[PDB]
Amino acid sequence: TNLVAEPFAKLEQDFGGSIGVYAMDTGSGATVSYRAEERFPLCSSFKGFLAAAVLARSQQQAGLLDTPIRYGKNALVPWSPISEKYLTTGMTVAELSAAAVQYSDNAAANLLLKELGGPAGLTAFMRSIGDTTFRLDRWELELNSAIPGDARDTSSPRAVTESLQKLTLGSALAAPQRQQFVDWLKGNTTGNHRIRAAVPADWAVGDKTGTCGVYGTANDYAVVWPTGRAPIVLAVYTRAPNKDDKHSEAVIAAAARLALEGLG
């Protein structure tokens, strides 16, 4: 029997679906795991790894991040509030990346995906940092279908956390690019009711949300800095068996609380 797991099992049973959790305390090496190696749909949470892949490319292409992109209306997608606002202005690669991370801007995400060689190009970047689980197969908005048993556009909580650690705290990006990725995540506007709701107000947090909507499917991953202590990296993913099952932000926050409590 697994006593650590029992509160997570109770939470997912009340939710009416499955919750996947992985958390790492980078100071002690302690972990918390619940369904940590199961696949869950990425939804918009791929956009954080997208921005990291762009930062990696910018290391060897001088001025890439500073480059303005002047897209047309044909590039717009529902829920692209920054791309629409700057349609008559244009946006730099850095501004598109920040919009994808911090507002989940769909047009910005698809524009950057195209620059990288599409979903396959992002998947190849994730392979290059040692992530063998991540796969992106489709673009916005098709990638949100979240069909039970479909492995397209999925990863695991453990692989998400491991890759997030490499990119925000490890050596997968050069230091100026690692710092920019952290700065973008810290400025996220979409996650105030998820992992951020589970951490003390005085701690620093960078996160990226995802919401497929269908099949009760939504998620959040984050790097968390308790004041003066080594950071924690964690991921919380959900899904449910029926198409019209509703996702829950409160369940994600409650799972994040249990993860922080279970760490040594």
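In this text, residue numbers run from 1 along the sequence as written.
- Across the two stretches, 85-93 and 181-189, the PDB entry reports the greater mean Cα temperature factor for 85-93.
- For the pair 1-9 and 254-262, the record assigns the higher mean C-alpha temperature factor to 1-9.
- For the set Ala120, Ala109, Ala159, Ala98, the maximum C-alpha B-factor listed in the entry falls on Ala120.
- Among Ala62, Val54, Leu42, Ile195, the highest C-alpha B-factor in the deposited entry belongs to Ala62.
- When all modelled residues of the chain are sorted by CA temperature factor, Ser58 is found within the highest third.
- In this PDB entry, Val233 carries a Cα temperature factor that places it within the lowest third of its chain's modelled residues.
- Compared with the other modelled residues of the chain, the Cα B-factor recorded for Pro148 ranks in the lowest third.
- Sorting the modelled residues of the chain by their CA temperature factor places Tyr34 in the middle third.
- When the modelled residues of the chain are ordered by C-alpha B-factor, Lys73 sits in the highest third.
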